[PDB]
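Encoded as structure tokens, the structure appears first; notes follow it.
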Amino acid sequence: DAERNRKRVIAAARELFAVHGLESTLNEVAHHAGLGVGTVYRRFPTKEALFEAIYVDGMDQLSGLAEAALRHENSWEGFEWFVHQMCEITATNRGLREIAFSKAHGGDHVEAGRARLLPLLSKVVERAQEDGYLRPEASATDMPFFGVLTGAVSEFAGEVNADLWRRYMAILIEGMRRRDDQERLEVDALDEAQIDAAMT
Amino acid sequence: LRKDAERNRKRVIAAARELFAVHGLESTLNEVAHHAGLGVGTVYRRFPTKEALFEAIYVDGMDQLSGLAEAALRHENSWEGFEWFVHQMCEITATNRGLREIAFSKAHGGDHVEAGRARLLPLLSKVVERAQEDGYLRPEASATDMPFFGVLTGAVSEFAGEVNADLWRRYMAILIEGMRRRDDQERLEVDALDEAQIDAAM
């Protein structure tokens, strides 16, 4: 029962985030969710508590998408499909983009969410590389930067050009495909330690 | 007087760009003057506000980018010239968080800004078109892709931090690889912005 209201607050907050960024108060989230103000406060005493819950919820969402991508028949199509689904979340919602990348997070819940997501990202990259589709320099830590890159397009271009991020996402994915005439990427992706220290 | 005023202008801009790499846009007008070895009154009369200093830096930055495109067109190979130019362009904002904020987070207008953009844009088109006509660069590419290469590589440095100061070069190389013309590639479904669109976005 309380878990149902918890999901409704998160879903209502993500809807408001696409238009209002992070400016919406807990009262406005409660109205949009159709819940009493005390119900949102009993679930999330502060906005930072709501912000962290949305971040962890977004990671759990990426995990389910990565698990679905690993069920696809072709590992390259699974990789491209996952990148599409991942980047769309933050490229079309400036509030989520601010939480995902322009925010530092920590604590037990955040660590447990990253612990589930990071190995799934590794398996998606590993499978496409083993079948010869994805270039061998690729890493699981390239995935967050695909989200950062596509989100920065929408942040700069604005809502008038709301689809422009798809152009540069397609360019990025094409640059990741393995070709014979490709030079080794001189700068390696961040390792597990570096990507951890970057977003905390 | 024109030779001396031009020297003090380049002095202030170079000192501001050097401070902005470390402090972002937090450096004050007085700190810029001390770093330039110029009197506070001289810099203050030239730039009474931080916003005036940001516009002169931005206009100077487009002039620097115009010179880089000019040099790139003198390279013997059109693809190496395109690669070299994109590297030189992105390095400006990918290694200086203050310049990155001025280039893509501030709004810019006025006669000097419009005149600078009008000289830069056809030079960007010539670098792109040369590599396209040789069969290296994919036909969908446009001059208006160039500012987004700066935005994209800049967001890498913004997210990764100064401890990972070279990471932007990795994703730049990925972007450049994805711009190659291929006999078999799917056409980019979303077109680059036109001049009217990229002027409104800036």
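Please treat every number below as a calculation from the coordinates, not as lab data. As a convention, Cβ positions derive from the backbone with ideal geometry for all residues, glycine included, and neighbour counts pool all protein chains shown.
Points worth noting:
- Counting charges near B:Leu123 (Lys, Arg +1; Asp, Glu -1) among other residues having Cβ under 13 Å from its Cβ returns a value of +2.
- Test item: Cα-centred dipole of chain A, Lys/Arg +1 and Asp/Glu -1 on Cβ, debye: 760
- Degrees separating the helix A:2-20 axis from the principal Cα axis of chain A, which is the longest one: 70
- Listed residue pairs exceeding 22 Å between alpha carbons, taken from B:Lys50/B:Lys106; A:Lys47/B:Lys106; A:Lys103/B:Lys50: A:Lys47/B:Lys106; A:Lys103/B:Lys50
- Applied to segment B:152-161, the Karplus parametrisation 6.51 cos²θ - 1.76 cosθ + 1.60 on θ = phi - 60° returns per-residue 3J(HN,Hα) values of 5, 5, x, 5, 4, 5, 4, 7, 7, x Hz, with x for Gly and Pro.
- Simple Cβ-charge dipole of the protein assembly as shown, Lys/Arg +1 and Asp/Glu -1, about Cα centre, in debye nearest 20: 1180
- Nonlocal amide H pairs with B:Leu137, under 5 Å, H built at 1.01 Å: B:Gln132, B:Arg181
- D (Stokes-Einstein, µm²/s), Kirkwood Cα radius, the protein assembly as shown, 0.692 mPa s at 37 °C: 143
- Proxy reagent accessibility, fewest Cβ within 10 Å first, across B:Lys50, B:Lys10: B:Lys10, B:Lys50
- Residues whose placed amide H lies under 5 Å from that of B:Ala192, excluding near-sequence neighbours: none
- The separation of segment B:139-202 from segment A:81-97, counted between C-alpha centres, amounts to 17 Å.
- Neighbour count of at most 12 Cβ within 10 Å plus DSSP loop: longest GluC sites (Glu not before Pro)-free window in chain A: A:74-158
- Near the amide H of A:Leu35, within less than 5 Å, lie no amide hydrogens of residues on another chain or at least 5 residues away, with H placed in the peptide plane.
- Check: segment B:34-108 dipole with +1 on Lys, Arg Cβ and -1 on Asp, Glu Cβ, in debye: 500
- The residue list A:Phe51, A:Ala104, A:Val148 was ranked by how far each Cα lies along the charge dipole of chain A toward its positive end, using unit charges on Cβ atoms, and A:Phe51 comes out on top.
- Evaluating 6.51 cos²θ - 1.76 cosθ + 1.60 at θ = phi - 60° for every residue in segment B:55-69, the Karplus couplings come out as 6, 5, 5, 4, 5, 4, x, 5, 5, 4, 5, 4, x, 5, 5 Hz, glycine and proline recorded as x.
- A simple rule links phi to the HN-Hα coupling: the Karplus curve 6.51 cos²θ - 1.76 cosθ + 1.60 with θ = phi - 60°, which for segment B:171-183 gives 6, 5, 5, 5, 4, 5, 4, x, 8, 5, 6, 10, 4 Hz, with x for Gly and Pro.
- The protein assembly as shown: calculated mean residue ellipticity at 222 nm from DSSP helix runs of at least 4, using -39500 (n - 2.57): -23000 deg cm²/dmol
- In a DSSP loop and with at most 15 other Cβ atoms within 10 Å, the trypsin sites (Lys or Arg not before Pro) in segment B:85-125 are B:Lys106.
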